[PDB]
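Read from first to last, the chains carry the letters A, B, C, D, E, F, G, H and I; within each, the first residue is number 1.
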Amino acid sequence: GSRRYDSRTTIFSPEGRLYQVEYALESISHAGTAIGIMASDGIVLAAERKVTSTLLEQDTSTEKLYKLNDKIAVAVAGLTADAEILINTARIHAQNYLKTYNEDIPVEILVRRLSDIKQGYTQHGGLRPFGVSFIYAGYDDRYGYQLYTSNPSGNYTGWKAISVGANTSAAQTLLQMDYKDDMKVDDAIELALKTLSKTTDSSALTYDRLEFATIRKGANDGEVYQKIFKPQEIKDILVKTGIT
Amino acid sequence: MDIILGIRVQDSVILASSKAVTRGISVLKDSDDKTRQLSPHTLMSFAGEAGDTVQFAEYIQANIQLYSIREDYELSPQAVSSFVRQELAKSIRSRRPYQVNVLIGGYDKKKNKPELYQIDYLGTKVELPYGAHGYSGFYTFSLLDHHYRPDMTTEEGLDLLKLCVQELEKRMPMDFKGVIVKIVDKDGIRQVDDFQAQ
Amino acid sequence: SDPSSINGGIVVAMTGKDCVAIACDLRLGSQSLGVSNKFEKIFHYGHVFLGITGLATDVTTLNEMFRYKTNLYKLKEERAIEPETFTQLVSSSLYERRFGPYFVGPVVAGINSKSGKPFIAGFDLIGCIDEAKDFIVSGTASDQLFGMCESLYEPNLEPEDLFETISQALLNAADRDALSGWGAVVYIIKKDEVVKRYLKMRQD
Amino acid sequence: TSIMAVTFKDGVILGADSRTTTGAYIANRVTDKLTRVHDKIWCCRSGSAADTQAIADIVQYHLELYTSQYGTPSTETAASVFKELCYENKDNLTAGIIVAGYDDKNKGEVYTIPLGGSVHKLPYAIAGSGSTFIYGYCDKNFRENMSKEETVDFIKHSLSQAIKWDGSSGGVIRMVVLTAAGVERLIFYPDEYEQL
Amino acid sequence: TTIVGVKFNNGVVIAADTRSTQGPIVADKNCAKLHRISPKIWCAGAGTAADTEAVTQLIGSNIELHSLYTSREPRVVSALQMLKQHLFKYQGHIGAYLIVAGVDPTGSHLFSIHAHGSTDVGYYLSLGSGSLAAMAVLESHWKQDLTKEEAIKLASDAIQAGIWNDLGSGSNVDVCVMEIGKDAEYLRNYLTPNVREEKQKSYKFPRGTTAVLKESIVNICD
Amino acid sequence: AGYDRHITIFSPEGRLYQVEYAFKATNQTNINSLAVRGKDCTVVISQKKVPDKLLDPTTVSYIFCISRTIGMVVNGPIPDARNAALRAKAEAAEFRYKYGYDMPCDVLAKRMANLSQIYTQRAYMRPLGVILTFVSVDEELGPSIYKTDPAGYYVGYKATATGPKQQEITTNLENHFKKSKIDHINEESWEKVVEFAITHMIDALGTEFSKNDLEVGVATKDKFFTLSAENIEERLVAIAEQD
Amino acid sequence: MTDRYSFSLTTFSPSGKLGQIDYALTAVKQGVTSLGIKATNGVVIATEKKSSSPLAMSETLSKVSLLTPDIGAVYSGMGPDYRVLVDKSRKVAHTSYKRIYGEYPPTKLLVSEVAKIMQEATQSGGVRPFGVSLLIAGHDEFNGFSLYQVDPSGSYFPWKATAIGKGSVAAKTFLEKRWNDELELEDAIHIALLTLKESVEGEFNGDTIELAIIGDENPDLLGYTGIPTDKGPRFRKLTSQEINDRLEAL
Amino acid sequence: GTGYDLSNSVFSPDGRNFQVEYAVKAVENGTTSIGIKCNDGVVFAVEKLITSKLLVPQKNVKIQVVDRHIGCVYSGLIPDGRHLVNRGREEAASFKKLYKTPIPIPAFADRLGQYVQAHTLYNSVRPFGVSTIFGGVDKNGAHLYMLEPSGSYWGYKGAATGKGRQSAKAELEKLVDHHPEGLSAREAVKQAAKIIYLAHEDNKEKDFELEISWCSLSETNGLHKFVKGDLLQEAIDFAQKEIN
Amino acid sequence: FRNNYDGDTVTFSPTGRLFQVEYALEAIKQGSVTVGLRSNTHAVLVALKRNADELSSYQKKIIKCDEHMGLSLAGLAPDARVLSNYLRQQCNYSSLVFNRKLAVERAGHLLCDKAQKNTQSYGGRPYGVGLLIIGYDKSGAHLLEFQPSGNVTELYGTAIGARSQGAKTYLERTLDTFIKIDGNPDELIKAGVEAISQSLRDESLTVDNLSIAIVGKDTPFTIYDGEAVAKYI
């Protein structure tokens, strides 16, 4: 009966790859580039909005950068609506952990959980996997500033600097060339935007085409702060770093 | 009920726990150790209903050990006590609630301080310099309110427990057969082999 | 025996001119036995304060539940919850447990960040809203609190005066209740700043 | 409560008092205890108001669905639906129900469904707490095949005795007359019926 | 608590007092007991107040949803049927005792609902600890075809009966008028015959009267 | 294969072929129906064809009494038709029981139209090969015609027709209404409204009917019912005089 | 019996496409034009009624729907899919929000509940995607006025103005040219009417065009008086007359 | 491309369910069976093929009783028929349980109708491979029905299905014409034997046994009963006599 | 034809055939022959048992269902183990609840309806075993033939399995004679062993190779194998 219409989403090719995983990654390679860079005193997340129109409300808009916790954020490349499904559960998880332990969830624990949810769609259930790659920027008092990445397979790895979405090989090369371990955050803002600016398929890199965030120790405090840059603030920093 | 006393001094947490196990009319044992090590710097003592007591402690111990291996990391005392509190708070509204009261004595390595947590079977948790469950507070709190200093060495803490235990052996109608006394500090968990003659 | 009387404790809140105050004792008891003098019964989530009296385990649980839900709320709404909304959230969370209720008396106090209006509210243990403008009392000396507030309270007090009123209302009510006292804390709450004062009181 | 149904020559009449009490208090002095589950199938309710309402509503739902699929149900069918609810939920209901109906094949029928859920077809039926006082009277005065006016009189006299002695009964006497002619609702006020 | 409902020629009125009690203690001296099920169907409740609030709002919500689905104004019979079936299911454990009144395309309606799920229809009704005071008024003075003005008087006087004579009731009178032509009118605190007299003395304290151990500023910002 | 043509998923032109094919099925009976509204009644006329002599003509019907107030005529295979009928009856009874008033015609239609929308969306359910025309004299809206199809669409009508020769009747009624400038038949008696229906059916289709070639349903305030062969004959006779 | 279709009907093809979502957008492409314009003191949403018979009564078929007193929706694509989305959106506004906080959801949150229902139809066992794009217009105290588009994928984006369906490339171009940050609601209504005229073949009037706004509170639409903090719905469908009144000013 | 016939609930492009049409083929391939309505009852008859002497005569009964007043007979896949009848039996019990009265034949027809229709809604089931003739007497008359694999059913004056359905129909039409005021249960019984005998020319290759039942108000008191002994033999004679 | 329509039991072929059912039917035809027959006083089963090697045992073909009923199989043995087990329960239920021996005819109806459920639904397969059921009930002696199509037939005698047609002709010829062997258990069995011989092109029926069961008037269902069948070769 129903058998005939089943795509079999969770099977191996003869080469031992997962078709749906590879096809989903293909889909992700067409998405706005997202970059995350880690420094001693902070993390930068920068991302390109794919397609705009002058009628798009940039003030009310979020397609790339989402808060998980007061200490964790992600950049998204792929199917937005899929990412919201995951982001919402990741938010629930962070709170569960807080409720259980009275401590903010360590970054890895949150990243692993989400990646496990992703892996399941790969092995049982017969459902299409999530067409999403995440960069996670976070901070906890075990490992300090951490950057991770996870893709539709539910594999995740950690990074000093990373890109997802379009052109990641170009982006990765540039990053590998100019990244230095002692880099300070302000440097990283520059690097991240220079890299996006060189790798785009857009004619140039204007403020209306970016989302941007930092996780810093807040300068003046003694504790951690997430700044999701308002459209004006992006315009400012694009000039400060000389891309006007 | 059993005797479950804790005191947190300058550098350590001391737990003292009675040795008797009575089933109705006979003392079946005079050397029972009412304690489970949860993690190398975290100790939990317990009293309450007969099987629930050890079932609960051992269940807690399993979970913390699981976390320790998963994370390759030792949860903070405060984290462990919250976990335990949540478990007991679940249990109070379940079909058959664990009737178990616990003290959790931990040395927090990140903060470099000892911490003592009192949690009854309702999941009523409080952090305290000293505590007890059941009737033990009624005989010992007044001595502890008197002599207690937050600056005490481990050795002063023991003499103060000694006194507490003597007030118990004078005025409490049950023979609880003495206490096993354990210290939790920066170096982990050790048993005072002599409180019989110390 | 009565889950609302095992642990002891009181909370009162009051409105004045462009402020609210919320107070509680610090006692946690095990019936006759005083157990801790550091058990704060007031909590805040952004600018909204919640006091909770009753069974202490439920006090603790509820605070953790409300932290959890207000966190998620801010993440989606992109703004801090207001008192009126929070009050509805307390109400429907309590009622969800209608036949296995949390044994608590909650009190909500705060200032609506947009309207500037001072707001207080109370519930019974299954979530009925006491919507009144002047004062809300809860806990084991609430008979006494009602007595104190009714005489002592007048409308539109300046913060510094509201402070004396709420402290005196609390302290003297607590001193006529066996299960309350052993410390007290008072929050004076304005649109821009929140002050917390610990009170000196008798320790029997 | 004092309720009754009586078959006569041209069909069946249901009657009832109108008092519902909670203890000594008359919660409602003008209750309608004559409830319609179909055009010409009615019932009289006694026992818990909550239970008998819930039952009559479910019966009216079942018979509206019957009608859509199979046309007009027999009175016996109505009785049987009532009974299924009453018997199968005996532990949780306190419903004493009399069912009365008019059919062209069968003419007037009366079924009594007392507390446990048993069914009994009868020429007439009395029930409710007021009923105990009119067993004698009713057994003496009921005859088969009366006319409309005789039947109305028998009910009127019967219920008024029941009302006279039962504190739980009172107010107005209501009747529903069920025949080939249609459906007639009667009401009789204390000032008339106390005079009998 | 005293709640009445009174039918008049072109509509229905409900009213209620405003005292809320916990045992012998007045918890609220002016709570609103008149509840809106939809714009023109309103509700007064006695019994467990979490329950009357909760049941009123659940049904209200389902009513709103029904209305949207059917493109019709809500009916009092629908509020009634949903309320009663819900209460019946919970076997009197939801402690809701309600007078429910309104107008809708078919006319004007008055009903009562009891915890266990039974309903009544009437031209005048009362519920609550004041039921009997109130009812002495409606039995004495209710008549066929009251004007709006006479109905408000009657309702209002029935609540007063309970305010003055029932310890369970006091403070003010709230009315709501639902007339077939018009918008429902809610008249919160229509009568306030219980203003507390001026106190004999002021209890404002000299500042510094209260002994303070420790002060500190609380952190509300991010 | 052409899998998108077997279950209700989108073709690359964004079509649902299974839904289109279900519309085809609605014509397999080769019966036409029409519905019109009176001043205070609603009339549905449907052709009755009984090919086989071995049949009991009294049991061949596409008109259903859904509730006291609501009637429904179906264009489509009888078994799908009866599946729709039994459901609508169940829905109309439950609505009444849950909310204390009779289900309105428009709302029944919306409900059955929603059930259909689901067959359009879940793979495991096929659409039904039927078009449903619901009629009543609704207590709020007066005389009503609401028609639902295998796509889950429905709307209200001044009058409407359905079946293979739908269009002929359709254009005939459009012409009538362009002239009369109002949105109903202006007759006080249902009798006349049935007469108008049959007349315009005869003119649109180019055929005469005996009393056995039609089937008729009438909604009035608080009743919907169907006409006997004899009731219809009286009506055929009437149209024949004066004409 | 029993849905034994518990695998995805939308999956990834070698190039990364999700065919069913693409095909759903195609269905939307052929839908009748609909548009939204946001002004400083309101939002207007509009579309053509494209009645399928003059024997139909076109006012018994709204394409513009209230979701809450302050939020309304319009669509392009499959009407029956829209209708059930509306049912589910009204409901979710109550179960996920009104029954929890005692107020209606802000626009973006409702939109995100609609979007999720749509996302799930893209991944759950045995269903197809909804063949519609919604425009949802609303107001709430803390966000002001807004306009959101939601597509078959479940993606949503905020707009100052936009069009979807049949003639949307031209209409969006017309709107980019006429939109500015200073428009008042009557101005937007006017633009909407002009933009619509471009896509509409036949008669253009208050009977063949459907238009709603999210504007001021209309207390005269509340149904009761005496609670001063309830001023009534901000959503209002314009009437046939109100629309014609504005085509003289055309 | 096609294949519209591989799967049960699929509409062909002209709107047909091929699987149902193929289920009809299994029916057409079955033994002939018939029903005749008389003026107070109904008579059922069926051809049973004697594959061999080894079949115990009289013992493999094909006609089935439902409740106390309904007879059904069918051609096609015999087990399908039984399954239909098991359902009918549940369906009548339930009706009687709830409503006390025995199920009216029209009511009963629809119960089978809905169930058989149900089996054209999904691809996880197959349609019934039978046509069922059935009926009996109720509170207002005799009723005779036939129900196809699509779930289509109507009331009949006489009905026939299986291998010999054309002769049977033609015979049945003759009766309806040559007896316009009715036929009696007695006449119907004989007339049934005759028609089954005539029907048996298309299966001329094998021997057969005749099986008859009836339900008549006057002759069986509205209860379904198998025609046994003397009446069966008389009926056989009539058909034998009238074959020449 | 065949090709596209034999993929599952839920699909008709265009001529109205059920191919998975016919394929299951086909597993019977390649089973080892077995014969049933009965008089008015007894019923007899005889089956030819197949080994696998000359090192293996001969696989059993007769299963007892109750004191008065039992059967033989040809086709998939585990399918027989399922169906006879069900029959065991049906018999048992009847005794436990009604204190009544299950009629051999009801047994056939129950088997038919169990088989049928596996020919109309998705994911099932038909049974692929054929069955001969003998019994002695309140109406005397009975033999039934079950086919996994669900067709159950009551007969005087029959055979199923490879080359069963021999026995089936033999019995069809012997009919008037074997039906009369009343009160002579040994004669009827000898009549059955003759029938079964009509189906050996094969070889020769031997003592670890023949299996016979019998049930009748004062005889509980009983099975003979080995030295216990010697007197019949």
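In this section, a residue touches a chain if its C-beta (ideal position, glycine included) is under 8 Å from a C-beta of that chain, and two chains touch if they have at least 3 such contacts.
Annotation of chain B and chain G: jointly contacted by A, C, touch as defined at the top. In summary, the chains found to touch both chain D and chain H are F. Note on chain placement: the centre of chain F and the centre of chain H lie 32 Å apart, centres being C-alpha means. The centroid of the Cα atoms in chain D and the matching centroid in chain G are 56 Å apart. Contacts with at least two other chains are made by residues 69, 85 of chain E.
Counting partner chains per residue, chain C has residues 91 touching two or more of them.
Of all residues in chain I, those that touch two or more other chains are 10, 122.
Chains that are in contact with each other form these pairs: A-B, A-C, A-F, A-G, A-H, A-I, B-C, C-E, C-G, D-E, D-F, D-H, E-F, E-G, F-G, F-H, G-H, H-I. Partner chain F is touched in their complex by these residues of chain H: 1-4, 7, 9-16, 106, 110, 113-114, 116-117, 120-124, 144, 150-159, 169, 172-173, 176-177. Interface residues of chain H facing chain I in the complex, by the touch rule stated above, are 3, 5-8, 18-19, 22-29, 52-56, 59-60, 77-80, 82-83, 86, 119, 123-127, 129. By the touch criterion given at the top, residues 44, 46-47, 91, 94-95, 98-99, 122, 124, 126-132, 142-143, 146, 151-152, 154, 157, 160-161, 163-165, 167-168, 171, 187, 193-201 of chain C touch chain E in their complex. Chain E contributes residues 36, 38-40, 57-58, 61, 64-65, 68-69, 176, 183-188 to its touches with chain G in the complex. The residues of chain A lying in touch with chain B in their complex are 99-103, 106, 109, 141-142.
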